[PDB]
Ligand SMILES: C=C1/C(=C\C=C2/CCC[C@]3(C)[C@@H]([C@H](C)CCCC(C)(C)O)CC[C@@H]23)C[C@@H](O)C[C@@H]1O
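Given next, in structure tokens, is a single chain: the form solved without the named molecule.
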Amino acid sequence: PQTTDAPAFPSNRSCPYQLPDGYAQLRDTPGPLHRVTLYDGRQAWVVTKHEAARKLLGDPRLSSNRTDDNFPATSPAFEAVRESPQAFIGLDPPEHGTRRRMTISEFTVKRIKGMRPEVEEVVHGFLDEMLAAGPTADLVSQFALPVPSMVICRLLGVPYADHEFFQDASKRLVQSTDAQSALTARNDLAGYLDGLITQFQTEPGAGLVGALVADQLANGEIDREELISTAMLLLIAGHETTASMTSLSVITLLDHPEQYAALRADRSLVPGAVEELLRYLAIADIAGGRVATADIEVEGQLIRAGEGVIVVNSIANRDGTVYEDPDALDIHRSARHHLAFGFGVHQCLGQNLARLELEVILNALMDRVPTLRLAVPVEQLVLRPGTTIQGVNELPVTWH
């Protein structure tokens, strides 16, 4: 018999908005932790319950150091991160805070509020274009990706004129199935950002990269390679997460037409619906990895120093002790306290930007394209694997 008490992890989704069978199994198994086997045969722990996930994400004994040999890499592609200097996502205190603080001023509530006109312009512009062209369209390449791309590039000071290059590099990295393809995509982006830094040293300019070059880099308070990695992190996260939330939300909303109609009739529901979609779709388990630097006892189970732990926020978000009937999409529920953005010192820096983008995107689609519908059946879509950010390669749509 082939039964194991340490199942292969991660698993791939067969439905965009449902837990893989293996994950539903882990969700139902008692206790905060479960053993899994990673692609390389190493055993790690997964965290599968909501409160335990918050506790462990808050535990400084669980390090985010991706350069540690014992870090729970889930594919050969993940060997691209550990090669070059880490952005603050891969740092622990105190280095984490000193670096994160260099970027936080771009993401304040006041700044995000001030960005609304820009986001609305960008959303409606790419919609103007896609709609004028007429159906059939790929919602991913014509809308879901370029919108957040343009927005984050403005925030960063990355010239949108180079979009074909850096969007392809982003796409290659996210779709990477091996180490060499990931390393090449990373190096391509790194060289591009390196040249941008030199350009800023000659001629100062707007955007976070411009500011970091003029200030911290000029004071030697950040390494050039660290600045590259930081800009890269913000660029890729800025592009890829919102793109996936857009595509998957459209698919999910169209599969729940009663809720989608309700959303259209009462736009005050949009912010709450965005939270529920974030909870339900939980696109970023790829960002729950940790390595124990000391023994941690968790409700009778022992995590040993040197063991990998992955906090699986999609499974945690389906904890029925927190969300009644957790596998039901309910745009009227309180999806508050969800872990789609993590918890603690590494909680998503871009979360409020993401929330603004998704609110504007959903309102715009309901306003401008009320007849939007998929042009192929949901079953024909190709979902990305559990080793990357959740999403679809392409999303064929049509409308009146």
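Residue positions are given as counts along the sequence shown, with the first one as 1. By rigid core we mean the largest C-alpha set that fits within 1.5 Å across both forms.
Chemist: Between 139-147 and 74-82, which one strays more from this form in 5 other deposited structures of this protein if you match the rigid core and compare Cα atoms?
Modeler: Higher average C-alpha offset in 5 other deposited structures of this protein goes to 74-82.
Chemist: Relative to the presented form, and with the rigid core used for superposition, do the C-alpha atoms of 167-175 or of 181-189 deviate more in 5 other deposited structures of this protein?
Modeler: After the core superposition, the stretch with higher RMS deviation in 5 other deposited structures of this protein is 167-175.
Chemist: Out of 93-101 and 261-269, which one has CA B-factors that are higher on average in the deposited record?
Modeler: According to the PDB entry, the answer is 261-269.
Chemist: Regarding 226-234 and 83-91, which shows the higher C-alpha temperature factor on average in the entry?
Modeler: Looking at the recorded C-alpha B-factors, 83-91 comes out higher on average.
Chemist: Going by the entry, which of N317, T198, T242, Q180 has the most elevated CA B factor?
Modeler: By C-alpha B-factor in the record, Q180 ranks first.
Chemist: So among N363, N65, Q351, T29, who wins on Cα B-factor in the entry?
Modeler: Within the set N363, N65, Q351, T29, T29 shows the top C-alpha B-factor.
Chemist: Where does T184 sit by CA temperature factor within its chain: lowest, middle or highest third?
Modeler: Within its chain, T184 is a highest-third residue by C-alpha B-factor, going by the deposited values.
Chemist: Compare the C-alpha B factor of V345 with those of the other modelled residues in its chain, then answer lowest, middle or highest third.
Modeler: Answer is lowest: the recorded C-alpha B-factor places it there.
Chemist: Against its chain's modelled residues, does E299's Cα B factor rank lowest, middle or highest third?
Modeler: It falls in the top third of the chain.
Chemist: Looking at the temperature factor on the CA atom of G207, which third of the chain's modelled residues does it land in?
Modeler: Bottom third by C-alpha B-factor.
Chemist: C-alpha B factor of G134, ranked within the chain: lowest, middle or highest third?
Modeler: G134: CA B-factor falls in the highest third of its chain.
Note that the form solved in complex with the named molecule isn't included here; everything after this is about it.
Chemist: Given the pose of the named molecule in the deposited bound form, superimposed onto this structure around the site, is the binding site open or blocked (3 or more ligand atoms closer than 2.4 Å to backbone or C-beta atoms counts as blocked)?
Modeler: Here the site is blocked.
Chemist: Is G308 close enough to touch the named molecule in the deposited bound form, meaning at least one heavy atom pair within 4.5 Å?
Modeler: No, no contact at 4.5 Å.
Chemist: With the cut-off set at 4.5 Å between non-hydrogen atoms, does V270 touch the named molecule in the deposited bound form?
Modeler: Answer no; every heavy atom of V270 is more than 4.5 Å from the named molecule in the deposited bound form.
Chemist: Can you tell me if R318 lies within 4.5 angstroms of the named molecule in the deposited bound form, counting non-hydrogen atoms only?
Modeler: Although the named molecule is absent here, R318 would stay clear of it in the deposited bound form, with no heavy atoms inside 4.5 Å.
Chemist: I'd like to know if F166 sits close to the named molecule in the deposited bound form, meaning any non-hydrogen atom pair within 4.5 angstroms.
Modeler: Flag for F166 set to no.
Chemist: Sort through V119, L329, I251, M232 and report the residue having a heavy atom within 4.5 Å of the named molecule in the deposited bound form.
Modeler: Looking at the other structure, the residue within range turns out to be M232.
Chemist: Name the residue from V81, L127, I197, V140 that puts a heavy atom within 4.5 Å of the named molecule in the deposited bound form.
Modeler: Contact residue from the list: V81.
Chemist: Counting any heavy atom within 4.5 Å as contact, can you tell me which stretch out of 69-77, 130-138, 211-219, 297-305 lines the named molecule in the deposited bound form?
Modeler: Looking at the other structure, the answer is 69-77.
Chemist: Could you pull out the residues of 171-203 that have any heavy atom within 4.5 Å of the named molecule in the deposited bound form?
Modeler: Heavy-atom contacts within 4.5 Å come from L173, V174, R186.
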